[PDB]
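Visitor:
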Amino acid sequence: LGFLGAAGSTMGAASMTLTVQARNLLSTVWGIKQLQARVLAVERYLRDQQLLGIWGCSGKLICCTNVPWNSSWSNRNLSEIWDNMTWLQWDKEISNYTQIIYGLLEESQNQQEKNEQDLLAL
Amino acid sequence: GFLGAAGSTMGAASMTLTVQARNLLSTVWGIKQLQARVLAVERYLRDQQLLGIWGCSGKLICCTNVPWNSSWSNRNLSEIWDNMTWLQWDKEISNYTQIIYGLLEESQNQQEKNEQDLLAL
Amino acid sequence: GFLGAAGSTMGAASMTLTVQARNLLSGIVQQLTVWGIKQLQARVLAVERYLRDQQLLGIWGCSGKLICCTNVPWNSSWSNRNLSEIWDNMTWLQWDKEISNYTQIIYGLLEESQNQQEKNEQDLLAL
Amino acid sequence: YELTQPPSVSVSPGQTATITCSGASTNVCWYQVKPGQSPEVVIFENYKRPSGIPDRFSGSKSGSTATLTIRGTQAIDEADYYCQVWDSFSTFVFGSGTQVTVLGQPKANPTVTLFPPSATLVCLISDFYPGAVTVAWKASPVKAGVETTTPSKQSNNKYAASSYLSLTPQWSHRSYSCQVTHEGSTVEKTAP
Amino acid sequence: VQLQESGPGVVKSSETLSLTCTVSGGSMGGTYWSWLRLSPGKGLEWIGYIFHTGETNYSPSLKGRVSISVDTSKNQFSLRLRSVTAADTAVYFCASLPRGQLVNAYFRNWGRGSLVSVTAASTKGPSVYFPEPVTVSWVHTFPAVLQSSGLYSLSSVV
Amino acid sequence: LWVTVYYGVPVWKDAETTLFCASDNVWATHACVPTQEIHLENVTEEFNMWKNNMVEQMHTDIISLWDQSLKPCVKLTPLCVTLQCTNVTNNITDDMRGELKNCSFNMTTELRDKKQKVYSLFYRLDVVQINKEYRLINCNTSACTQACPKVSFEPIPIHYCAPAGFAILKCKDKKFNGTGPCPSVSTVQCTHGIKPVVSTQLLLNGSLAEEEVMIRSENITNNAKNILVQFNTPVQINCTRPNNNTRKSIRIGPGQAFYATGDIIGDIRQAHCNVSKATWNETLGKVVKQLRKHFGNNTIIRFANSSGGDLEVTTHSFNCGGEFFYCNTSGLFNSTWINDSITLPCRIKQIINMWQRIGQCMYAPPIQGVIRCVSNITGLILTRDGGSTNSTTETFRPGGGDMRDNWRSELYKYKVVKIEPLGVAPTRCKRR
Amino acid sequence: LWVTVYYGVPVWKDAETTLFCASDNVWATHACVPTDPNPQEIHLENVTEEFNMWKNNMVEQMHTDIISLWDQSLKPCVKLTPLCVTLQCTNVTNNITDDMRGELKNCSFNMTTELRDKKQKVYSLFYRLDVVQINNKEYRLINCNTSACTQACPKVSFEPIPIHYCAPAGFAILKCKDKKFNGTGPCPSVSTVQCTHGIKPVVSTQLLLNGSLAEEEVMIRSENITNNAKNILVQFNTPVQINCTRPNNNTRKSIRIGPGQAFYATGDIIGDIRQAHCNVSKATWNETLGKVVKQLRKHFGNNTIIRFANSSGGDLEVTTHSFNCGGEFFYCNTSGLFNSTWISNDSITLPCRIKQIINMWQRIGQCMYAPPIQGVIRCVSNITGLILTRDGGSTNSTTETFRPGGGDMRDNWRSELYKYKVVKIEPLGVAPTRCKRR
Amino acid sequence: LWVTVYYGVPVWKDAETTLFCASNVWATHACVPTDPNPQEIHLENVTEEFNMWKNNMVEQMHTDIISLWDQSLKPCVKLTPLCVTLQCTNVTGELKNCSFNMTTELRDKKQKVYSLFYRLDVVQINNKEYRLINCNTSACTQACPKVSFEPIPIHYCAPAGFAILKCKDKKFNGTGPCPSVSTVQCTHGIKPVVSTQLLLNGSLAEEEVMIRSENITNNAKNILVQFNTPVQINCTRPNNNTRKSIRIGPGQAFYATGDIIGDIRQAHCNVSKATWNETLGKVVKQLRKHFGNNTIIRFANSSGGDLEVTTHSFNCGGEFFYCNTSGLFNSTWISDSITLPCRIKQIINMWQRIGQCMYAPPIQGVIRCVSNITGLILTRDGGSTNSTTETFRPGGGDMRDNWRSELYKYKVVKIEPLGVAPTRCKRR
Ligand SMILES: *[C@@H]1O[C@H](CO)[C@@H](O)[C@H](O)[C@H]1NC(C)=O
Ligand SMILES: *[C@@H]1O[C@H](CO)[C@@H](O)[C@H](O)[C@H]1NC(C)=O
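Residue numbers (the working numbering), protein chains in the order written: chain Y, 3 to 124; chain C, 23 to 143; chain F, 25 to 151; chain E, 1190 to 1381; chain B, 9 to 166; chain Z, 5 to 436; chain D, 1330 to 1767; chain V, 2 to 429.
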């Protein structure tokens, strides 16, 4: 496939092709439009990498975290999610309720880091 | 808030490292803003590279293997972490930082070289 | 210094890899005219080259390390020498010269191998 | 305002000399003027002093009169001093001026001679110190058509001057004389 | 900053005087460029200053016969007195003042001072001598007087 | 269940960004980088071309690249002289009589001291009468620069290409309505190459529809919105200016030149333009066939000529060869629907202010020789009126005059999306 | 003990950076970013930070930004180079009262037109401060011995609009909050903001106008109060309203000087010629001067005789109060205000006067021609400050004389940027503890 | 046997990139301060090739010098109404005494102002009417005199990730693989001198005199001879010039040449005789190793063309000399002082560009510069292979050959630190 060839596929097929999208995020006075866009792309990529790094999650694509799944975010079962839904409708469903997940991971990683700090001292 | 624990105890200001860590990224207002954004990227990449040399990438709190010297600070645990702020600690150890940075670099340099020969089995 | 013992053996250069990587970004002393826009474009190009070098290390599971091993097979058509006659009495400048074409297949093999390894590690933790 | 000053101050070397500048509401400023040289400011407020000026110069104000005090008068400190204030209508007004002279060599008396013409009279005065001198004439005094040389330093380093008087061949009167007054001392010489 | 005047030394009576002070090693920004006059029979006096935008301020006793102009291109400023008289013989300085309040300001960066003599006489010889002082050698020699008509007279007695 | 983090997920949101140029002159292709497509199977994306952000950015880009090309040329400030003009009658045609005026004026030479007496030729649309003494029409609003002869107004294709972190979605829908859902969306790096032509009533050298003639409007009920028509078979046209002008360089300054029209070599005739008859009849028949779907069956659809206004909006104005034409096009829109060639009386103006601005014109220098010129008519800009209901008769007149509508017929199948690679999902694993 | 590395500690450092501004004209805010609704302010509890209002770098940055925007806004207007020729001005005399006599001149001169070869003969009314004599009498403009300068084209207005100075990424702005602050020394209560409050860049030389008031008392700030060469900024507690007006009904006519350039000139005045009045209430000014004298005695003594005298400048911008009132630049006397001697519906009128050729930022060879404004002109503003200057006679005295002054425009913006400081965040830090890496 | 990944290794390949400055017209204040004692490495087993003729550093240097010159000539006065008719006579026959009508700061008045012009920059219009020679091709700027033309040294540094090399081989002819390649942080003190057919104030050779060419067997490519000993050349303009300022309008000036104080004498630049003879002897001694060991080498004078390419040109103190230098290249080799009559022009078409001048203002007092010749730009007039004589006339006119005298021991490369290798290890 290509750069976005798994966009129409389901989640169980698009999760195996996470490398192709992640690789292509970093590919005479009116030549400043070339210069203005590159700094924007670099800043957006650095923001994504920093936000991965806050959660203790950087360096990997598939990444697991011990925050429990609240049923108020999505009350449907896991059986229909990974083979009967694409990522676009998932972004549409959890366009809401995202900022609190991005803070729950933020606090949970610091709690895990301090628990590692206490265990490595005794 | 952003840095509302700047006057608090070092033992209580270490719970809130993320909300200072996440705001390093956020024609007159043309090339000036361009150099400002570029220099912000310079400072953030220099900080992350300096964490990358010491072997503490992706970690806010990182335990290391460098001996602490009593000549650096004779002042002990139960008051640095109980009734002292981070600004006073930065003023105290301000002219001792290059030695501990070089020692962290040396310890991480000697740490990785003792691992490559172990995985040759 | 920079590029020190570049003409030495690979074993001697492997102990000094940590001084090259400090200044692929910038120096701090060098952090509207002819020179200003040129220096700004040089800084932006250096940042992009450093991030492009780091992203490939990030994808293959090699992030945060200077020396690492990986679990993809190496075909013998790419190289035939054993370990002793490459890791002594050989310079890296002589070493890059014959893998100018075999590299792009190897990079994709690393990428797919790391993706499969991460999916297999994810599958084990669900039990 | 007028900014009145005393005309002349003469002191012995090694002693103090004070000069006053009255009628000054606003802060005064003193300039030192030497012949052949540009003026230099010496005291630029009532009490302050700019860099490069020696320590012997100081000033003070009491009421509306401000005085300058020289601690030690050397041969360097022989000059003229003017005080300057600011006024709203005329922006800068200056004083009349005070000459400071040191007594390096002692007092002597002038020498004067009188000559008849062949009608102009000549009255030359030689070898006097200090340079403060006045010339008087009589015929009944004479108060018209008289011109006097300003006192100058000759090769002797001892001041000399001259005087002239224009007349008509009035040569009616029977007695002519040229009177020179030298800080109290009077020498008279006289005639048709 | 060093200043130096330039101009004629002998000006005929009832003519227009002209002088030029040249500023070296400095700028025209924020400085009142003054002109000053030192007479032996009248003390030290003030003529006027000019600011670099052309705002002038002349002395009230000499108002109506004075004109000061600035020229930032050739880095200098000039003075013009009209209808000069024999009482205007003096030494002319150019000085400067800082921009601000003149309540405590004092003149600085003085020039060398060019002597200007306003005369009204012609060439004559000594009747034993206006353009040339006579040299009498045989003795003692006296400096020459200045008459009200504008002539000279000295004497020499052994 | 526990939440997980996936990096590199294929989702996108609509956004606006900075699209840089790319190429294979007035349009500065020196700064453009030199110059692939991935099909997407099961996605439907909502498109909109009247809310598209690419057309406005392209229009501002075209204006700025026009403005930077006239900067180092001659200002032509001393040309505002009291002209002295008469008619020219070296065997002028009766339809051409009064259009060309011989003119003579006093002009400054290279030296600042002297002056010279210079004669030139000016069209009637350039000179105005002083109230025989004439003057130029630009000496009343703003004197303006001269187009340099080395640069050329030939429309080279340019590609608008998105930076890293963005994507451009291209519809493959063969019957695209112009807005709404798109059943088949394809992701391309960037576009096919757009020729930035300039026209008013008829679109020239554009991209053809591939199966049938498509007519697109923002609101077909409202009469105040323009109607864009895209053809499937092109209609060939001939530009023609049958005169042999002579350019002579008049030097008006130390290193500046004023290229003036010297004389006519031979006969003077009108600068007509020819379109075919039967091809235009068949194309207009297809157009009136399709428009009865939106407006109703057995409705009398007829075409009138332009309504009025200034010369730029009312007349067809193209730029082939280097001269500025202003053609009538009243024999094209005349029919009422229940080897001949249609010729058009066209006229030429020299002082041009293109992008609807006041106080900024440009003098076009004359071109030596005869100009032969052909192009394709692959698009029309119609505009209906406020006709009464239940009359079963509607009149359509060629509108135009807004430069966005020409480039909205090329960027009608594109949009810019912002890819975000971060997403969360629950599964069975737990971090150890 | 063992060393650890912490990332993101709350440690700052003093630094200088290029701050960008945001807002909700000459100061072109179409290029600035829109600001946020509800700007968050975070109060820092147990902190003391050393401040200095006389050394912060954002004052010079603001001065450079205002100079750059005022230079940029005068680019596409009329150059007005061919105007100054040998003028021939006689006195206007229409229905003139006792004052403003010999002030307005009726000048006549040639000009060019649209066509190059034709000329015209036009007339304009010029003030006395714009023309100088060369030798009816032959006059000329005062500008073109140094430069011929651009007109301000009248679609751009001179009304000040607020700009908020933001902070870039990685830096922070610390805002003081103490109610009794002299601008130098430690501060007990320090807060941090994303951007400053609304700062309007007003231009004045003796009396600060339209500024930010105090909250408790009349504070007095100086770098060294015992030194007499430092300006003494005063911040008022209650504002004092000042009404300035121009009663002459002015007429503007447009003279076209080129193909696309027009010169707007003063026409005939309809009515009577009168001077520009400026009114300040007497009782409010007397109370405000009493408050200033009472606050001034805490720095000098309990028995010193504080006096006020009028200004002693050389040029017209330092001597006279100068501002703008919607297009006309005023130059006002203010000698009826600063005239008192304080021992231990009547309104004061001021003869405000108007100039047109304006050299405002004191750059050599750059000026500006302000066009006339049609009709009468009125403004209502309040005085929120002063720029005094002590006349230092001698030590241990009993009489202090204060005179107004200014000219340096950085003191007008140092009275609004005193409670602000920019810092650079350093997130790294090391500390000892007991833990071990495996 | 499985792939390992190594990062940070020293491996470079050749590439082009934009370098930056490190340290008047040449902007000193826009450069970063230089870096102190930049240490040097040695590659003991390298065979990396250099190239003097096809490196991108000379093109970038030429573009930067041109852009700096056009930037420094921007905020100065334009002399567009000075182009008037000139009535000139002879002085006391090279200098001209031209008088003209000229506008003042008042737009309606005019003044009559005289000035002195050289013969090289006036032309006669149709015998008392003249004009400048730029009045039909340009309208060109007077260089406002607060700037200087002094060749301050300029260091070029490489951006991050790029390194610039340095050949240490002494007998290196400019082309080919050298046994010894080094690496430096920044280039040395290159001074942008302006010269034609006599490279002066430059860097000497190591031990002997190098001969550098594309191919020695072609009569179209310049021969950059580089000396091992300096040949000192030193001279004056003996006239005493006064500078007057003529106001052209509202606040702009024009500095014209005033009256001559002393007596007029021509400029002359003289060089030592025995030193030049032994330097040319070294050149003809070692140059015979390329053309045949029994050959006749004779040096003719300049070929022809414009005055920029025919005559030796240099900006000594702000005045631009155009000295004859036909008394030096005149010999016939087979197995005291030399004076040069020199002339000065004012309006200058510098970088071979038609449409922009610059007007160099006159300077007061006498000027004197002592300089060292460190190179020649000889070209070969070819012919048939029938005779043993070869005529080597001087040539120039191309400013890149001045900057190919330097930038010969330099090359920029792009570091690629990522590299794979086969190993038997395993990641677990
Ligand atoms: C130099 O000239 C000779 C003579 O024609 C030619 O054979 C040779 O190829 C030239 N050198 C190069 C590098 O082209
Ligand atoms: C040549 O002379 C210049 C200036 O006198 C000097 O800087 C340079 O070092 C000299 N060259 C030598 C001595 O090789």
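Every residue, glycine too, gets a C-beta built ideally from N, C-alpha and C.
#1: Using a Cβ-Cβ cut-off of 8 Å (strictly less than) and excluding sequence neighbours within five positions of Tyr66 (chain C), which residues of its own chain qualify?
#2: Determine the burial state of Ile265 (chain V): buried for a count of at least 16 other Cβ atoms within 10 Å of its Cβ, exposed for fewer.
#3: Any heavy atom of ligand 1 closer than 7 Å to the beta-carbon of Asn219 (chain V)?
#4: Go ahead and label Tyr99 (chain Y) buried or exposed: buried means 16 or more other beta carbons lie within 10 angstroms of its beta carbon, across all protein chains shown.
#5: Using a Cβ-Cβ cut-off of less than 8 Å, list which residues of the region 1676-1709 of chain D approach chain V; keep chain order.
#6: In angstroms, rounded to a whole number, what distance separates the CA positions of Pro1530 (chain D) and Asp1737 (chain D)?
#7: Excluding sequence positions up to five away, which residues of its chain have a Cβ less than 6 Å from the Cβ of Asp96 (chain B)?
#8: If you follow the alpha helix (DSSP H) that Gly55 (chain Y) is in, where does it begin and where does it stop?
#9: For the alpha helix (DSSP H) containing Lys94 (chain Y), list its first residue and its last residue.
#10: Starting from the N-terminal end, write out each residue whose C-beta falls within a distance shorter than 5 Å of any non-hydrogen atom of ligand 2.
#11: Are there 16 or more other CB atoms within 10 angstroms of the CB of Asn56 (chain Z), so buried, or fewer, so exposed?
#12: Looking at the structure shown, is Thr387 (chain Z) part of a helix, part of a strand, or coil, going by DSSP?
#13: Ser124 (chain F) and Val96 (chain F): beta carbons closer than 8 Å?
#14: I want to verify the contact list: residues of chain C whose CB lies under 7 Å from the CB of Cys426 (chain V), in sequence order.
#15: Is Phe1658 (chain D) closer than 8 Å to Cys1516 (chain D) when the C-beta atoms are compared?
#16: Please state whether DSSP places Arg296 (chain Z) in a helix, a strand or coil.
#17: Mind reading off the beta-carbon distance from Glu13 (chain B) to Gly119 (chain B)? Whole number of angstroms is fine, and I expect it under 8 Å.
#18: Report the three-state DSSP secondary structure of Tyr8 (chain V) (helix, strand or coil).
#19: By Cβ distance, which residues of its chain are closer than 7 Å to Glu1267 (chain E), with the 5 residues on each side in sequence left out?
#20: Classify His1650 (chain D) as buried or exposed, calling it buried when 16 or more other Cβ atoms lie within 10 Å of its own Cβ.
#21: Applying the criterion that 16 or more other CB atoms from any shown protein chain within 10 Å of the CB defines a buried residue, is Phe1455 (chain D) buried or exposed?
#22: Would you mind reading off the limits of the beta strand (DSSP E) that contains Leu104 (chain Z)?
#23: Can you find the residues in the same chain that come closer than 7 Å, C-beta to C-beta, to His43 (chain V), ignoring five residues on each side of it along the sequence?
Guide: In this structure, then:
#1: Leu46 and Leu47
#2: exposed
#3: yes
#4: exposed
#5: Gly1694
#6: 14 Å
#7: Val126
#8: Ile34 to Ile56
#9: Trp89 to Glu95
#10: V:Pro231, V:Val371 and V:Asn373
#11: buried
#12: strand
#13: no
#14: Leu141 and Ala142
#15: no
#16: helix
#17: 5 Å
#18: coil
#19: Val1289, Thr1290 and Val1291
#20: buried
#21: buried
#22: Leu104 to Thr112
#23: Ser183
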